[PDB]
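Chains as they are written, first to last, in PDB author numbering: chain Y, 1 to 134; chain l, 2 to 51; chain C, 85 to 231; chain X, 105 to 156; chain j, 2 to 87; chain h, 2 to 123. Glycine included, every Cβ here is placed at the ideal spot set by N, Cα and C. Data first, discussion second: the structure below is written as structure tokens.
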RNA sequence: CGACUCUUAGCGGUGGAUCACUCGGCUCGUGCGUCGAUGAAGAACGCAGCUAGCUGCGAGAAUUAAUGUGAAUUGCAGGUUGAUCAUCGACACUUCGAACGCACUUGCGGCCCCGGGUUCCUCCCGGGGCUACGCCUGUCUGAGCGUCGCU
RNA sequence: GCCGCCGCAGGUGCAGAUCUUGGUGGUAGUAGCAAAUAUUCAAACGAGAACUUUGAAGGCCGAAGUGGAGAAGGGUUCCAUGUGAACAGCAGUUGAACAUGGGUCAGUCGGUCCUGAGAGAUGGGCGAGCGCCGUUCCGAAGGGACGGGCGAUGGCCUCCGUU
RNA sequence: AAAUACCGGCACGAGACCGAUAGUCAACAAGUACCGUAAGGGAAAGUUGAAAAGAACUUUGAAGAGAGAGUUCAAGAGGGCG
RNA sequence: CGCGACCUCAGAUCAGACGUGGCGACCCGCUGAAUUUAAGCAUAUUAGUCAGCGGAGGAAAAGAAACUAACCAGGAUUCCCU
């Protein structure tokens, strides 16, 4: 159970905290998992998706083994666009099609100065919590 | 009237500025709702008071 | 639109209901000290006759015995993996396993007022000093602890 | 004012004025007609600023 | 003659814009407002019409000094200081 | 050359106003364009140049109003802009002093009769 | 034979019940308990590249700084030395309104000091600062065949 | 998304109340588009002419006008470029509709500036109270001037505004 | 000072309640469209789909209206569309 | 006639500080109905309630007795049970 009586177990509010939200904490409701050799490496499991991260789809018509690549993150609509994940519209000219990022998996991280800062903080609270209770 | 106050002229000027139809890129957006406008005023039917 | 057009009347569109509801209804009741007392001895003796406990569905056909008792080393278990292994020893896991099945969606408005997933009652456990026993069971559905 | 306006057309394009008539439109802004001097020229200064 | 012939003798106004409530209801000959009594030092309002008061109280308009008292309140009316630099 | 406001602060008081009055002519031609003819590189630029000025007008004041409130820092009377200010009926409250005060008799009654510490036994 | 008249069924019209969904109400509880001459609540007019309404904001006008967040906003075009987003502590807020020079026609004044006609030289066109009632503490100028005083 | 068995709980069963709200019939392609004399022939724009546009005929208003210009009141309806959905009780090429784009310049023509019947502050007085009565009536209600004189400005304190 | 009161305000947590003729007048540009000289009076109005993939090309027509192509699991879901 | 002290009373854009107005759900001070009950109705009832006017606060107001008693005496004020 949630015990703390300043948190709600209420449908209607929860969806109104979700569907009237901001353009900043929408970076980590749209986060997505690392692959099976970036769980083994950094000590980081999920992560916020970004601009030039590489990715597989895993669910829908468009799944399978192709490491494509993200072109844009359309926060206002809870969905990313990916390189060759696209389709042909009624005048010939192809569109993009969007994928929510539960249904995706990262395959190359954009590694900046400030991105490595979320990677090496999350390899402390996983490792104090593991060490303190073992 | 042709003669007027500075004040009343200013009043009738706010209203023209208003009464003219929507620009339709306002219903090309994301989540939008507005079909057209029904606040549009026409001088033979309704009257402004004043 | 609204004009010359029905106003107060349990018949009217808009317009009051018949005998509006009041907070100062009698929401509670009381009982004697010795009928809330009379009715525990009754709920205790019928949870023994073992032909009664079956008819509350429970999954007892393999339970060693009785009204079941245990050494005082169950009061201090904080782990559920100890308390699950423990529930399989005494041969009553099958009642939890009836509880895992029993989980489902409900019928009705119930839903839109957040009483959504419903499910069965299981075994329930009675103890003298909570030394950790609440932590070890409290995640396994269907279990009440009870001092 | 008229008096105010007449120095603002004077002290930014450099140019001396004859007279500055005004009125106020049904949309509600002030529109000043600015006569100019004979030694000065009107199509010529108009190019400098951009209105052609 | 009482009806519709005399409805055609109209070319004049009793009221106009008040300049406080702003409400076309300021009676020229008598010179106070019908809604607020403008010359009067306080307001007009009343306890026999309540749907009258709740067109028009502190929630209604902008609140433009007030909506930032409430916000300024809850830490401890902090004045003068500024947050630590970089 | 984007005007980043950190490095507009140390410079000298006058030198700004030259730079203010070039963003008031690096604008003015953008309301002739829009009116005459086209050009989005003219049209969207408008809304930088607004900001670029309101960046300059703020620095100017910040620092000036600073000058004053350090040119009245110890003084007893001082202008109405530059005083203690939060809430009206908080202004009128009594002072830190006027709520300390002890008369000699209460200084004397609290002297001999302050409150003890003790414990009953069982 | 045929039209028409009535019944029933199939498929179509017309209409928006019923069912299923819900970022909205209703009721109970807890906690704090903050408006104003330093210009409130309320009004009015203004502010977007494309923009009328709700929103948010004031000639610094969908906002400026700073602290935090760390790569958007998006309906189309154009534009990492910190985008966009929350925090709000430094800066700023048209005209009315208890509303304050006099008056409600957006009309007539008085007092000083500043830049221009200047070479204060009044009048002239601009820019700034004071010009409401009531009342308390004390300071200045005074009135009284009120009560006394000494030449 | 839902239902049976044992128990609980209630804003729990419609033909009707000239009952409430919404929708649809017969009557019915029926009543009807009748007040103030009147039209017709040719062309040219067009996918469409009894009605719009030009030209010719015959007519009415008849200067107490179906003529020319204003004040209240309306608030852009003024003017050109288009459109043919809806509206303008047959029709539209038309329109005071719709959509886009223009249009109201003053010392000498008004308001301001003075009073009229009348509206109304202060002194006073009435009042539990917001407030009311009263307007010359129980008020120390004039803040200005040409000169006489003391001592201070400005431009050669010469001569005068300025205290 | 405390033990008391709190259908206005600022934040919060629940419900053997109501579910769009209900529930607040207000689920939506509501104290908004509109009416009254003025005091005041005051509505109606939720739902394509998983995604716009919102039907290129042809053909009759002056135009709305159509015939065939086509997207979708479906148009027997075609922009007031369960 | 002058000079000086007091008392009672003018005027200032004199130096520095205060009041007005708002919201009003709970609190304090005033003023104050009739429908309706009596099977009619005038006293009674509604009710010191509705509407009116005034002043506040985070609570207000009350408050350490010109107090209850009739006892083998309780010992400011508010609040619940009785």
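- According to the DSSP assignment, residue 183 of chain C belongs to no beta strand (DSSP E) but to the alpha helix (DSSP H) extending over 177-185.
- Using a Cβ distance threshold of 7 Å, residue 101 of chain Y and residue 49 of chain Y count as a contacting pair.
- Of all alpha-carbon atoms in C/102, C/92 and C/180, the one lying nearest the alpha-carbon of residue 222 of chain C is that of C/180.
- Using a 10 angstroms sphere on the CB of residue 27 of chain l, the tally of other CB atoms stays under 16, which defines it as exposed.
- If you check the CB distance, residue 14 of chain Y and residue 123 of chain Y do not come in under 7 Å.
- Between residue 122 of chain C and residue 159 of chain C, the gap from beta carbon to beta carbon reaches 7 Å or more.
- When C-alpha distances from residue 191 of chain C are compared across C/201, C/117, C/149 and C/98, the shortest belongs to C/201.
- When DSSP states are grouped into helix, strand and coil, residue 100 of chain Y belongs to the coil group.
- Shown in chain order are the members of the region 22-48 of chain j whose Cβ falls below 9 Å from a Cβ of chain l: 25.
- Three or more beta-carbon pairs separated by less than 8 Å are not found between the region 58-68 of chain Y and the region 123-132 of chain Y, which leaves the two stretches without contact.
- When Cβ-Cβ separations below 7 Å define contact, residue 50 of chain h makes no contact with chain X.
- Among the residues facing chain Y, residue 116 of chain C is not included, as its CB has no counterpart in that chain under 7 Å away.
- Beta-bridge analysis with DSSP links residue 36 of chain h to no other residue.
- Residue 23 of chain j and residue 76 of chain Y have their C-alpha atoms some 41 Å from each other.
- Around residue 30 of chain h, the beta-carbon contacts reaching into chain X at under 9 Å are 153 and 154.
- Only those residues of the region 74-90 of chain h whose C-beta falls short of 8 Å from the nearest C-beta of chain j are listed: 85, 86, 87 and 88.
- Pairing residue 162 of chain C with residue 1 of chain Y, the inter-Cα distance amounts to about 17 Å.
- Judged by beta-carbon spacing, residue 132 of chain C lies within the 7 Å limit of residue 151 of chain C, meaning their Cβ atoms are closer than that value.
- Bounds of the alpha helix (DSSP H) holding residue 59 of chain h are 47-71.
- Proximity of residue 32 of chain l to chain j, defined by a Cβ-Cβ separation below 7 Å, is not satisfied.
- Around the CB of residue 27 of chain j, 16 or more other CB atoms lie within 10 Å, so the residue is classed as buried.
- Within the model, the alpha-carbon separation for residue 38 of chain j versus residue 19 of chain j is close to 9 Å.
- Non-local beta-carbon contacts of residue 21 of chain h in its own chain, meaning distances under 6 Å to residues more than five positions away in sequence, involve 57 in chain order.
- When Cβ pairs closer than 8 Å are counted between the two stretches, the region 72-85 of chain j is seen to touch the region 79-88 of chain h, the count reaching three or more.
- The beta carbon of residue 203 of chain C lies closer than 8 Å to those of 183, 186, 187, 188, 225 and 226 in the same chain, with the five residues before and after it left out.
- Assignment of residue 32 of chain Y by DSSP, reduced to helix, strand and coil, places it in the strand class.
- Distance from residue 96 of chain C to residue 88 of chain C at the Cβ level is roughly 12 Å; contact not present, criterion being Cβ atoms closer than 8 Å.
- Pairing residue 199 of chain C with residue 12 of chain l, the inter-Cα distance amounts to about 56 Å.
- Taking one beta carbon from each stretch, the region 3-17 of chain l and the region 121-130 of chain X have 3 or more pairs nearer than 8 Å; the two touch.
- Listed in chain order, the non-local C-beta contacts of residue 35 of chain Y below 7 Å within the same chain comprise 105, 106 and 107, local neighbours out to five positions each way being set aside.
- Scanning the region 79-134 of chain Y from its first residue to its last, the whole alpha helix (DSSP H) runs of 4-plus residues come out as 116-132.
- Relative to residue 146 of chain X, the option among X/136, X/121, X/134 and X/105 whose CA is nearest is X/121.
- In the three-state reduction of the DSSP assignment, residue 68 of chain Y falls in the strand class.
- Ranked by how close their Cα comes to the Cα of residue 80 of chain Y, the residues Y/65, Y/38 and Y/51 have Y/51 in first place.
- Pairwise C-beta distances place the region 67-78 of chain h out of contact with the region 40-53 of chain h, as fewer than three of them are shorter than 8 Å.
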